[PDB]
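Q: Below is the sequence, then the experimental coordinates.
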Amino acid sequence: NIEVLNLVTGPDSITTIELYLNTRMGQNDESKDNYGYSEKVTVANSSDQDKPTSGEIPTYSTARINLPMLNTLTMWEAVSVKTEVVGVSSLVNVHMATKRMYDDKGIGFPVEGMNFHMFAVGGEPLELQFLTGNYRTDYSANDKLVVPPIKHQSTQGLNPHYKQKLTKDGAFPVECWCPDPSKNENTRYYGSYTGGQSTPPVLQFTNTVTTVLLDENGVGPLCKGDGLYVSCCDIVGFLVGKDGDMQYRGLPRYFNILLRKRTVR
Amino acid sequence: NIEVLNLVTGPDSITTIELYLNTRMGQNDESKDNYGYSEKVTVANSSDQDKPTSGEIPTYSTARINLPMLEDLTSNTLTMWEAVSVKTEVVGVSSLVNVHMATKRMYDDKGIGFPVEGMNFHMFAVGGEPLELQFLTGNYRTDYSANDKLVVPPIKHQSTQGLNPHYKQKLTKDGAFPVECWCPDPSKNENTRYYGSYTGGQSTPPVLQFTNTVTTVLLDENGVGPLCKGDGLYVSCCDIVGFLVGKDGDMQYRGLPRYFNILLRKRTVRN
Amino acid sequence: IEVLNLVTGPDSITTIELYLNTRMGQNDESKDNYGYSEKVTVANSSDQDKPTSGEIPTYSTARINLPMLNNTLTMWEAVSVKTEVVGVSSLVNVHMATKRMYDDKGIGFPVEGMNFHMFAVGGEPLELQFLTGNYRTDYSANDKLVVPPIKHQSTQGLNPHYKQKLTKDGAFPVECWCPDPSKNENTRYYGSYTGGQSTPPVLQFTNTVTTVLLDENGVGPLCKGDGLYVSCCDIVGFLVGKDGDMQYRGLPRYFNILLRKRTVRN
Amino acid sequence: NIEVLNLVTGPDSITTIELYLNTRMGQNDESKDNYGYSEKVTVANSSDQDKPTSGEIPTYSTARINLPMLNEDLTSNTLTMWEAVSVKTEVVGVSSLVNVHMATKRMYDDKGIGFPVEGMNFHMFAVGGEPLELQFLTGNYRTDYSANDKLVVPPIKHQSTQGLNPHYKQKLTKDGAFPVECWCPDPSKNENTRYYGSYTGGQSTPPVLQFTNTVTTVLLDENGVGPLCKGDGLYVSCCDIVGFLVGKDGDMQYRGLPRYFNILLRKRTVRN
Amino acid sequence: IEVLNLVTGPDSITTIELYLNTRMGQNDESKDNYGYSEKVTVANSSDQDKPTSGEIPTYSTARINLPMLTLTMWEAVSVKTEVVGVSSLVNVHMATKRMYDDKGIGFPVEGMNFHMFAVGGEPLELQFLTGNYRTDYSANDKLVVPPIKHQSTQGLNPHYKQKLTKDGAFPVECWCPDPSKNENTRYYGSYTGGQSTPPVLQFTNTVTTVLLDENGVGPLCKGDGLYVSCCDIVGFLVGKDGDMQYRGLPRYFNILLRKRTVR
Ligand SMILES: [Cl-]
Ligand SMILES: [Mg+2]
């Protein structure tokens, strides 16, 4: 829709945005115990009685950042991002109150199992597609979650009638919303999933890696209304309590985004 | 062999095709429960009584897309659409972040439900004609007759546990060709690019990625992409991400959809 | 061979396309269990280690006759190869008569465990070195296998007195023959092994990868007597029967080899 | 903050710093048994009674190295600083893990190998022109560090520290004192440090390690500028956990290895 | 050594080809258990940790005499190296523990992998570092170990060094490359641990490893000697009763050298 023209050169043609997003694993109140974890996971008796408890399901983190006001028009173009998962070293901890190895003599189980890492940087809200492992999942224990008002069998595949935009932090469940690959022309997203039961988390952290956000035409996300949208989720595994009760553990993500002025029609 | 000449230049010389294919794990009716999963897996008592139930077998997804028409067949040259590149992603990976479904669970019924896990199989193909298939099976005696909508050879022979070039097909129907007995024919498919991976074992962690930033070049070593015969683009895939483990241990394949964004350009060829 | 200039122009290039079926031990395409070994057995002791007939994988190999060409002569020079394992999707099968997960309610065990993948392209037979995990292994249950006529302790390491050439399909056991790194000047070989008991097979297939066969001097394998030699082995794991009996499973390999005419001195 | 100008050329415009850092797994006294290991790991009865024993928790290794002294003044138009260009770093003693006869739990009904050191791996190093800047973040905000008053931890605890609370920061200024479990590199700072880290978790996971003397890590940033050494100090930090030793009765200790560094530095003119 | 120009022309190049057999503990090609260690034993306590004779792997090493030659020295430019006999691990019928209630495959050789090689113009320089400072090596007086033991050797104590001057004698468990020296050697190593871990191995004759440093200079062969060192552990053989032995494989080397003028 936007006809892109030349870069604006010279002084004040560049700016940087720095932020972090804290994890939204389910206990999302920084004043309460278990912050940065989910509530204890529960398991449906049957697929038609699959009703997660309030706070046991991870959601996307997201923010809109206001950019410096500008005026053809000029827009901020996101060129690149340096992003890191924060607190990886916190997983070097095997003395927490957990199940333990070797007949109660060995280490406590570290946080381990399923990893899920995604981030997105764009010039408008991340566009979502609904897709679930169980179309019958009942989200009514927590009315602050944003989910479709109707359920249908077809949502176990891609039904393009079920879409959304990621416009609220800590509200859109990761289990039923993914990036919409048919849209997001003005957003870059990257994600990975490593599953299984007790799988080793495999994580890296460095301040030396720059991710280029320019597309194949050399154009980055263009920030509509001078808003920059950043979204993520970083699940690093489960904490296994003494009795076998399990909670998701998430970590924060840091972003340093470089933007430049771009003339558009 | 098509003799390739120059690229056609100018504003109308490029087009893009966008589509998705839903998974064909065995329950392939979007109006019914268990859509995007297989029916429960069953296990043969013996190799001569190996008869999968209807709906327990994954099949390839496929579509033919009609491209913009390009009419003179009496000239020295013709124009064809050439597929240059594709951006393709597995959709709904985040749906696997779910451990509260009605499943077997960890740690003496106190821990998480088992996530979808185990065997992964991922393949896609983009070509200017149907994907050409070779028959090869783990069990030549497999009996597919519980589901007469599957496309399989009418005769069975011991040699089909290896490569018998008398047993070939083309992928011409969505949700009908079992992945277990049909693979890409490497002796053909000159006008298709295919990429596949398999990670097996029992409860193996799925390892998946999704991004809208990766472009797969479809040009061959001579700089020529698939040429779309009869202005048809053929897209095929399969994306198994593991098994759902029910409370009693019963298991079903789980598949995910795949998205494709294909860039094509006009190419002059000799007629 | 003293190598001279490339021959240019029309008909200076040719391609050879073939497949090799796996030689896991049941190597008769008319019989049940083709593409698998016979059931694996285990030695009572290292001094009585006698594999049953058909339980041991062997190399696949072929010599392909090239177009006749022939002071100087012309030889075919192998430039590159596109090679793929065929039938990987056949491993998406968990309903065969196998051991199964979760108290006989879950999937059948897929083919899983040890993987071994190697291919070689050369202008003469692949040169082999003998090396075994057990110098005492007794191969006499199958007199069609090619093994050294005498055994010695030292063959658990590299004893250069024990060599061979891969001249017969389905006959040289992989367990005791490997490529001889001190020879094979006119062959390129590539291999990998992933072991363990029930290890996930990790496999790829594509028609988009070209392997260059030219050496560091820009010279490919030169085909002596207009013969191209192709060898491989592709073990993708074990099939686990209901009672725990196991068989190797192998898959075929496809090859598309590009060759060019090269002038050499006679 | 520092405006970088041209490289200084000529004699003594280059210098190299070579050092090693020994691991700080918890038994950090080279004269005592169990050096290079933690004390035995213990497990909290509950999250509000989570008090690691003295010596059971790994800390960062760190040193400040004096560089050849340069002029510092407020009057001169330019100054010279040392710029770290590159580092060659390796984990030392990887082959020490080829040992399965130590007094450990063993495989196959007491007939097989002793368990090798295995499990959790954590590897990080940093090279900078000032102390590594740390962010506090913990798996348990209530962790009680009072069994060892030599550890540097925040004096106040709060629920928010299970995420990123930017009010809780520090600088890595003491060897063997900052727990890895609650301090990580602060990504919002460290403009003048390069750091690299990895974690591989799980219970008995195979350690996967490499060692070579052939790899040079470039420390220049995207603008071609390396860490600039304030007060002619070079700061080197690391941690290298290679797993756990499993005693006969199942008691477990962290095992760490030393890290070697060879850092090349050059003189850089900066605006004063 | 002040390095000057390359010598050009015919006979300015030579190649050295060799293999080294593994030194897993039984190192005599005429005797039982060749190419394996003796059975692994386990210390009752850390102060009674005394490996049996032959149960511990050592480095393989050789010094190769080069053609006799300001002065001229041989400079090692590159090496092609491969582990030999990888296919020997495709064997599950040996007398071993077996899967599935005595019906399944014999356990393949599996577990710990350790692979290192070094090429240099002088002996590989070693640093002592051990998991247990008290380890008692006196069951085998042919091993080269320090004469004194000290607590500090569980870390890096630079007072404990050596040079790899004898094949089949320096235990891998207590000697590693000294990163503070070895300016005239290139070394590469990896370790994959755990209990029953799958060996992951490759072999090809198509890979050349460049030995030149960042200044374009390869190892310079002092006294016309080329030093080659390695170790290649591919796992453990698990006997019927659970007794385990290290298994090693040989390594092949093809080294290209060129004449270099030096002051
Ligand atoms: Cl100065
Ligand atoms: Mg040095």
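A: Cool, the structure landed. Numbering: from 1, shown residues only, chains lettered A, B, ... in the order given. Ligands and ions are numbered 1, 2, ... in the order given.
Q: Show me the strands in the stretch 151-265 of chain A, by range?
A: Using DSSP state E, counting those that start in this stretch, the strands found in the stretch 151-265 of chain A span residues A:163-165, A:177-179, A:187-194, A:202-206, A:211-212, A:227-240, A:246-250, A:253-264.
Q: Now render these as CSV, adding mean neighbour count and distance to chain C.
A: To be clear about C-beta, it is placed using only N, CA and C from the backbone, and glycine gets the same treatment. Formatted as CSV, the entries for the strands of the stretch 151-265 of chain A read as follows, by neighbours: other C-beta atoms under 10 Å in any protein chain shown; distance: least, C-beta to the nearest C-beta, whole Å:
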stretch, mean neighbour count, distance to chain C
strand A:163-165, 17, 32
strand A:177-179, 27, 24
strand A:187-194, 21, 14
strand A:202-206, 18, 16
strand A:211-212, 14, 25
strand A:227-240, 25, 20
strand A:246-250, 27, 20
strand A:253-264, 20, 30
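Q: Export the ones you listed as TSV, with columns for distance to residue B:171.
A: Shown next, in TSV, are those (distance: least, C-beta to C-beta, whole Å):
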stretch	distance to residue B:171
strand A:163-165	30
strand A:177-179	27
strand A:187-194	28
strand A:202-206	36
strand A:211-212	37
strand A:227-240	36
strand A:246-250	40
strand A:253-264	41
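Q: Between the two ends of stretch A:62-75, how far is it?
A: In terms of C-alpha to C-alpha, to the nearest Å, the two terminal residues of stretch A:62-75 are separated by 21 Å.
Q: do the same with stretch A:105-123
A: Chord length of stretch A:105-123, first to last residue, is 53 Å (C-alpha to C-alpha).
Q: what sits against whichever residue of the stretch 51-200 of chain A sits closest to chain C?
A: Closest to chain C within the stretch 51-200 of chain A is residue A:196: 11.0 Å, counting by C-beta to the nearest C-beta. With contact taken as C-beta atoms under 8 Å, 6 or more residues apart in numbering or on different chains, residue A:196 is in contact with A:113-114, B:115, B:117, B:203-206.
Q: Residue A:142 too?
A: By C-beta under 8 Å, 6+ apart, the contact list for residue A:142 reads A:52, A:54-55, A:57.
Q: filter these down to the ones near chain B?
A: Applying C-beta under 8 Å from any C-beta of the partner chain, the subset of the contacts of residue A:142 adjacent to chain B comprises A:52, A:57.
Q: From the contacts of residue A:142, keep the buried residues only.
A: Under a neighbour-count criterion of 16 or more other C-beta atoms under 10 Å in any protein chain shown, the subset of the contacts of residue A:142 counted as buried comprises A:52, A:55, A:57.
Q: so can I have a markdown table of the residues you listed showing secondary structure?
A: Supplementary listing: the buried ones among the contacts of residue A:142 in a markdown table, determined by DSSP: H, G, I helix; E, B strand; the rest coil:
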| residue | secondary structure |
| --- | --- |
| A:52 | coil |
| A:55 | coil |
| A:57 | coil |
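Q: Nearest to chain E among those?
A: The closest of the buried ones among the contacts of residue A:142 to chain E turns out to be residue A:57 (C-beta to the nearest C-beta; 34.0 Å).
Q: How about the closest one: what's its closest non-neighbour residue?
A: On the basis of C-beta to C-beta, 6 or more residues apart in numbering or on different chains, the spatially nearest residue to residue A:57 that is not a chain neighbour turns out to be residue A:173, at 5.1 Å.
Q: OK, contacts around the one you found?
A: A:57-59, A:139, A:145, A:147.
Q: what about burial for those residues, which qualify?
A: When burial is judged by neighbour count using 16+ other C-beta under 10 Å, the buried members of those are A:57-59, A:139, A:145, A:147.
Q: What's the separation between whichever residue of the stretch 51-200 of chain A sits closest to chain E and chain B?
A: When distances are taken as C-beta to the nearest C-beta, the stretch 51-200 of chain A reaches nearest to chain E at residue A:200, 11.1 Å away. In this view, residue A:200 and chain B are 9 Å apart by C-beta to the nearest C-beta, to the nearest Å.
Q: So that residue is in contact with residue A:112, correct?
A: Yes. Proximity of residue A:200 to residue A:112 meets the contact threshold set by C-beta atoms under 8 Å, at 6.4 Å.
Q: and the stretch 101-250 of chain A, which residues reach chain E?
A: With C-beta under 8 Å from any C-beta as the criterion, the stretch 101-250 of chain A does not meet chain E at any residue.
Q: what's near enough to touch residue A:227?
A: Contacts for residue A:227 were tallied using C-beta under 8 Å, 6+ apart; they are A:64-67, A:123-124.
Q: so which pair among the residues you listed is furthest apart in space?
A: A:66 and A:124 (14.0 Å; C-beta to C-beta).
Q: Those two: which has the busier surroundings?
A: Of the pair residue A:66 and residue A:124, residue A:124 is the one with more neighbours under other C-beta atoms under 10 Å in any protein chain shown, namely 20 against 11.
Q: Tell me the secondary structure at the more buried one.
A: Under the three-state scheme (three-state DSSP), residue A:124 adopts coil.
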